Protein chains: 2
Amino acid sequence: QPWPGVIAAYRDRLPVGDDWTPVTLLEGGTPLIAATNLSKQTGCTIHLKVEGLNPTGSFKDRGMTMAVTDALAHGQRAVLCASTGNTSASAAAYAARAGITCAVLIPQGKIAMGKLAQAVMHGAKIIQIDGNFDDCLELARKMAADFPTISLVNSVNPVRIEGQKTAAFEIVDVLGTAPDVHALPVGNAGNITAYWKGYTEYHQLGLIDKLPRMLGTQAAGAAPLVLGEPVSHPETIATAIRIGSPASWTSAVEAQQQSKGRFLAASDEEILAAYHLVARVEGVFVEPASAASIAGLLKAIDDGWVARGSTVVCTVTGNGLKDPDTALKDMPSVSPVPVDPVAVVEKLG
Amino acid sequence: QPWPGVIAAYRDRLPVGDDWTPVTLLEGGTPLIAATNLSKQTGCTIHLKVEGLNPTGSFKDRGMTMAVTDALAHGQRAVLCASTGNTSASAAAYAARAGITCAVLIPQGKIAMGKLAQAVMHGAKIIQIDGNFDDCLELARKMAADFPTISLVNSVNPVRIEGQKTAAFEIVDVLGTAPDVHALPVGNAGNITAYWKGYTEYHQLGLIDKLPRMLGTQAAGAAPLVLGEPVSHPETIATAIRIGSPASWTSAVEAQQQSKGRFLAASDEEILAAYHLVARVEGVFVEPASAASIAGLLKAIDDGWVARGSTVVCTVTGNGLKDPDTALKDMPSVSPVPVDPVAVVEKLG
Ligand SMILES: *Cc1c(COP(=O)(O)O)cnc(C)c1O
Ligand SMILES: *Cc1c(COP(=O)(O)O)cnc(C)c1O
């Protein structure tokens, strides 16, 4: 009775022919954990969609099966993207399994090799550019439009969004309905878009009656969807949402406007508080960007934007294991305590 | 169609009273991945039981779900661990979800902080001691048996093994039979013991005609079971199997004896080869101990000990994301390249 490809599990809902060979690491089918302790504390009933348990440790895997399978079927020789993030690790894994070249474009200056390690493990070719992060985007786009054998797998890839919409399907599949509000973090806004595409596809299929309110959280230092303008120098420890200029700007706002949803900023402190909260109280280890979403849900419950007793799924987008640096910092100082059994046992209970 | 807790999926084959409420993070039910390219080069059909997609990033969640449920039920207010490894993270998370204290005893001097971040992220109390790794094992054992509310969660805990056998169940549930050989890494030998318990349990219950030959790999520098005697100063990049003295030395040898199995050493180099190989060829980012399992499987297929065209399940025990440091080592640094899209396209092909 095991989980198959997200492609296989939802084929009749995805744009794939009968001919193609789905290349999958059995992504999706991820836990939906009852946040019993967050629920008691709020008064709302909160589930966690835990996407860190996808093959590469983030939800990008839902897009890549789809992007890479479509690439294979369409006879592409290379899969390209231009960021140091979870996109590249996810892209590189699926390209490796397909047997396809994977290139990651990066800007000049200092390289965070910690970021790229997982992807280079999978065979990604890293290519550093005489220029900045814009040049990377401009380059990757020009190549994709010049070489129909390259497939740019960035946020705005229609196939990626199709794959990613399935997280919405699973939530309903197990609950029997949508939540009252779905809360997720927003960087490029590809995900909020996908969930909204997903929920509306089920409503259109007559599988729910109520649609959720999409709550998207941005870090205060990179909150262009909150402030209504692009951000010149995005600034947040939640690296995955360190975006001053979302790729899927239009689609995010449409989702917000159509779902009667909200965009909301959380400060780094508040993100960090959530970061610790989930781990300390739910037993779930979540990446800072994933924490931001909880940080925002919580912020919204105070405000009263989300009503007491309503049902909420909070997408927690990546494994805490993605980011050891942040785990290391703000740790309690342990100093040697004497070796007798009685002293140590009182330092507890 | 959601996967519940190991406890819930296999409640009838696990020792849990029916007053006891399972403390679970929806662990287990992990992908069984067809290793297509590994098979091409091998001449066998090989599956990878990918255990890095458990909540805390390791197979130990299978055991820890039981131990902490058992702990919660028997009115225990603290669990105690004496290891910095994956045990303590797995222990700490289930302790958090259950709302009990998790405490880790560390030796004098230099604190291995990276290794403990996950644990303390789930709220483990690190207690540094005026002693040795050996004096640490003793203080815990003493504290355990002088306070009936403190449970020691080490590897030899029979409750852990019960939870850990359930992997064998999943393999048979999904394959329809047991494989011809089951390959896995061996540290304290709890897992190899546990798988063999699982296969026999399913033999005793009538679900398989024949039991798999258990193949267990250790690192060449930490190979007490291959070498026949214990090892004083174990040495290997594979931290998780850096054990000179298995806690389950007895029941491991029994598993090998009665499964007609084999213990094998693999060099550090060979383990690295495999680590890179699964990532580059399957798309599975696997932690070095997990790599060893594979490496030793590969070594045995060439040795001839593994019959041509037989079936193998290789447990890949932990997530590559558990070991960022190894991911860094021996990684190509590419240098800056001219911006024009022509200078990039044939640096691919
Ligand atoms: C990519 C990513 C995000 C941001 O998602 P968008 O679709 O760009 O809004 C958030 N969290 C994690 C872990 C990420 O991988
Ligand atoms: C603990 C562990 C092992 C070794 O398991 P044993 O039962 O001690 O042999 C191997 N790999 C990983 C990832 C582990 O955490």
# chains A, B, ... in the order shown; residues from 1 in each chain; ligands from 1
$ residues_around --residues "residue A:321" --least-positions-apart "3" --cutoff "12 Å" --atoms "only C-alpha atoms" --output "number ranges by chain"
A: 52-53, 56-58, 86, 118, 279, 284-288, 290, 317-318, 324-328; B: 52-53, 55-58, 89, 114-115, 117-119, 121, 318-324
$ residues_near_ligand --ligand "ligand 1" --cutoff "9 Å" --atoms "only C-alpha atoms and all ligand atoms" --output "PyMOL selection string"
chain A and resi 51-52+57-60+85-87+90+155+161+164+184-194+216+238-243+246-248+252+286-290+292-293+316-320+322
$ write_last_selection --atoms "C-alpha atoms" --output "short mmCIF file (atom, residue, chain, number, x, y, z; two decimals), in the first residue's frame"
data_model
loop_
_atom_site.label_atom_id
_atom_site.label_comp_id
_atom_site.auth_asym_id
_atom_site.auth_seq_id
_atom_site.Cartn_x
_atom_site.Cartn_y
_atom_site.Cartn_z
CA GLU A 51 7.53 19.13 3.73
CA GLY A 52 11.03 18.76 5.16
CA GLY A 57 14.38 18.20 2.46
CA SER A 58 12.04 20.78 0.99
CA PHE A 59 8.81 21.13 -0.98
CA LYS A 60 10.69 21.98 -4.24
CA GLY A 85 18.92 27.62 -2.55
CA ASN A 86 16.78 24.54 -2.06
CA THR A 87 15.79 24.79 -5.76
CA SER A 90 16.05 19.57 -5.61
CA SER A 155 9.71 29.61 -9.77
CA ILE A 161 3.63 24.93 -10.11
CA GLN A 164 3.64 21.88 -6.24
CA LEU A 184 2.68 29.39 4.26
CA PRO A 185 5.92 31.41 3.92
CA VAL A 186 6.44 33.47 0.79
CA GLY A 187 9.69 34.20 -1.07
CA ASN A 188 9.18 34.08 -4.82
CA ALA A 189 5.45 33.31 -4.28
CA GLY A 190 5.53 30.20 -6.46
CA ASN A 191 4.17 28.13 -3.57
CA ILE A 192 1.29 30.33 -2.43
CA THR A 193 0.37 30.30 -6.12
CA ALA A 194 0.52 26.51 -6.31
CA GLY A 216 1.51 34.31 3.48
CA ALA A 238 15.41 33.02 6.86
CA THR A 239 17.49 32.67 3.71
CA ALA A 240 14.84 30.93 1.60
CA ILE A 241 12.55 33.96 1.75
CA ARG A 242 15.35 36.54 1.43
CA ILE A 243 13.61 37.90 -1.71
CA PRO A 246 9.13 37.94 -6.14
CA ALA A 247 9.13 36.15 -9.50
CA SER A 248 5.40 35.30 -9.20
CA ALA A 252 0.57 35.89 -5.32
CA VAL A 286 11.87 23.13 10.90
CA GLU A 287 14.02 25.47 8.79
CA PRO A 288 13.84 29.25 9.66
CA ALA A 289 11.74 30.08 6.56
CA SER A 290 9.31 27.35 7.62
CA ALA A 292 8.31 32.31 9.58
CA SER A 293 5.00 30.79 8.44
CA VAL A 316 6.35 23.92 7.07
CA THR A 317 8.45 23.96 3.91
CA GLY A 318 11.91 22.58 4.77
CA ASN A 319 13.93 20.38 7.12
CA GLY A 320 15.60 22.16 10.02
CA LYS A 322 18.91 22.34 5.88
#
$ atom_distance --atom1 "atom CA of residue A:237" --atom2 "atom CA of residue A:297"
18.7 Å
$ interface_residues --of "chain B" --to "chain A" --cutoff "6 Å" --atoms "only C-alpha atoms" --output "list in words"
residues 53, 93, 96, 97, 117, 122, 123, 128, 129, 130, 143, 279, 280, 281, 282, 283, 321, 327, 336, 337, 338 and 339 of chain B
$ residues_around --residues "residue B:14" --least-positions-apart "4" --cutoff "9 Å" --atoms "only C-alpha atoms" --output "PDB file with N, CA, C and O atoms, in the first residue's frame"
ATOM      1  N   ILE B   7       3.877   2.568  15.532  1.00  0.00           N
ATOM      2  CA  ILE B   7       3.085   1.934  16.581  1.00  0.00           C
ATOM      3  C   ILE B   7       1.675   1.550  16.089  1.00  0.00           C
ATOM      4  O   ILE B   7       1.255   0.404  16.265  1.00  0.00           O
ATOM      5  N   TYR B  10       1.633  -1.140  13.204  1.00  0.00           N
ATOM      6  CA  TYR B  10       2.040  -2.469  13.624  1.00  0.00           C
ATOM      7  C   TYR B  10       1.713  -2.766  15.092  1.00  0.00           C
ATOM      8  O   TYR B  10       2.394  -3.580  15.743  1.00  0.00           O
ATOM      9  N   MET B  66       8.810   4.027  20.222  1.00  0.00           N
ATOM     10  CA  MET B  66       8.461   3.018  21.210  1.00  0.00           C
ATOM     11  C   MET B  66       8.943   3.393  22.607  1.00  0.00           C
ATOM     12  O   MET B  66       8.140   3.446  23.548  1.00  0.00           O
ATOM     13  N   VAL B 159      12.880  -2.267  24.034  1.00  0.00           N
ATOM     14  CA  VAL B 159      11.743  -1.527  23.472  1.00  0.00           C
ATOM     15  C   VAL B 159      12.127  -0.833  22.161  1.00  0.00           C
ATOM     16  O   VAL B 159      11.310  -0.723  21.250  1.00  0.00           O
ATOM     17  N   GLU B 162      12.231  -3.406  19.243  1.00  0.00           N
ATOM     18  CA  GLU B 162      10.882  -3.767  18.842  1.00  0.00           C
ATOM     19  C   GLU B 162      10.373  -2.803  17.788  1.00  0.00           C
ATOM     20  O   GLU B 162       9.928  -3.229  16.721  1.00  0.00           O
ATOM     21  N   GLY B 163      10.479  -1.503  18.058  1.00  0.00           N
ATOM     22  CA  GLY B 163      10.145  -0.492  17.052  1.00  0.00           C
ATOM     23  C   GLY B 163      10.977  -0.581  15.779  1.00  0.00           C
ATOM     24  O   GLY B 163      10.457  -0.362  14.679  1.00  0.00           O
TER      25      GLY B 163
END
$ select_by_dssp --residues "stretch 162-267 of chain A" --states "helix (DSSP H, G or I)" --output "ChimeraX atom specification"
/A:162-164,166-175,190-204,220-222,224-227,239-241,249-258
$ select_by_dssp --residues "stretch 85-198 of chain A" --states "strand (DSSP E)" --output "PyMOL selection string"
chain A and resi 101-106+125-128+150-152+181-185
$ write_last_selection --atoms "N, CA and C atoms" --output "JSON list (two decimals), in the first residue's frame"
[["chain", "number", "residue", "atom", "x", "y", "z"],
["A", 101, "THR", "N", 22.19, 16.55, -17.28],
["A", 101, "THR", "CA", 23.06, 17.60, -16.76],
["A", 101, "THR", "C", 22.26, 18.64, -15.99],
["A", 102, "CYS", "N", 22.82, 19.14, -14.89],
["A", 102, "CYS", "CA", 22.16, 20.18, -14.10],
["A", 102, "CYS", "C", 23.12, 21.32, -13.80],
["A", 103, "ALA", "N", 22.79, 22.52, -14.26],
["A", 103, "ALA", "CA", 23.68, 23.66, -14.08],
["A", 103, "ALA", "C", 23.10, 24.71, -13.16],
["A", 104, "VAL", "N", 23.93, 25.21, -12.26],
["A", 104, "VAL", "CA", 23.52, 26.26, -11.35],
["A", 104, "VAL", "C", 24.41, 27.48, -11.52],
["A", 105, "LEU", "N", 23.78, 28.58, -11.93],
["A", 105, "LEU", "CA", 24.46, 29.86, -12.12],
["A", 105, "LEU", "C", 24.48, 30.69, -10.84],
["A", 106, "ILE", "N", 25.66, 31.24, -10.52],
["A", 106, "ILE", "CA", 25.86, 31.99, -9.27],
["A", 106, "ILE", "C", 26.68, 33.27, -9.50],
["A", 125, "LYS", "N", 26.55, 21.11, -12.00],
["A", 125, "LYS", "CA", 27.71, 21.89, -12.43],
["A", 125, "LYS", "C", 27.49, 23.32, -11.97],
["A", 126, "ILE", "N", 28.36, 23.78, -11.08],
["A", 126, "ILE", "CA", 28.30, 25.16, -10.61],
["A", 126, "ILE", "C", 29.04, 26.05, -11.60],
["A", 127, "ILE", "N", 28.42, 27.15, -11.98],
["A", 127, "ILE", "CA", 29.04, 28.07, -12.93],
["A", 127, "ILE", "C", 28.97, 29.48, -12.38],
["A", 128, "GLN", "N", 30.13, 30.02, -12.00],
["A", 128, "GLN", "CA", 30.20, 31.37, -11.44],
["A", 128, "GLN", "C", 30.44, 32.41, -12.53],
["A", 150, "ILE", "N", 17.76, 23.37, -23.19],
["A", 150, "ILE", "CA", 17.87, 23.80, -21.79],
["A", 150, "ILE", "C", 16.47, 24.03, -21.25],
["A", 151, "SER", "N", 16.26, 23.69, -19.99],
["A", 151, "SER", "CA", 14.98, 23.95, -19.37],
["A", 151, "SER", "C", 15.17, 24.71, -18.07],
["A", 152, "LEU", "N", 14.88, 26.00, -18.11],
["A", 152, "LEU", "CA", 14.96, 26.83, -16.91],
["A", 152, "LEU", "C", 13.91, 26.40, -15.89],
["A", 181, "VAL", "N", -8.03, 28.43, 7.09],
["A", 181, "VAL", "CA", -6.90, 29.19, 6.57],
["A", 181, "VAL", "C", -5.72, 28.30, 6.34],
["A", 182, "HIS", "N", -5.08, 28.48, 5.19],
["A", 182, "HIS", "CA", -3.79, 27.87, 4.97],
["A", 182, "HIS", "C", -2.67, 28.89, 5.10],
["A", 183, "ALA", "N", -1.72, 28.61, 5.99],
["A", 183, "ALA", "CA", -0.59, 29.53, 6.20],
["A", 183, "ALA", "C", 0.72, 28.99, 5.62],
["A", 184, "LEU", "N", 1.41, 29.81, 4.84],
["A", 184, "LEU", "CA", 2.68, 29.39, 4.26],
["A", 184, "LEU", "C", 3.64, 30.58, 4.16],
["A", 185, "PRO", "N", 4.96, 30.32, 4.02],
["A", 185, "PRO", "CA", 5.92, 31.41, 3.92],
["A", 185, "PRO", "C", 6.04, 31.80, 2.46]]
$ closest_residue --among "B:305, B:20, B:202, B:195" --to "ligand 2" --atoms "only C-alpha atoms and all ligand atoms"
B:195
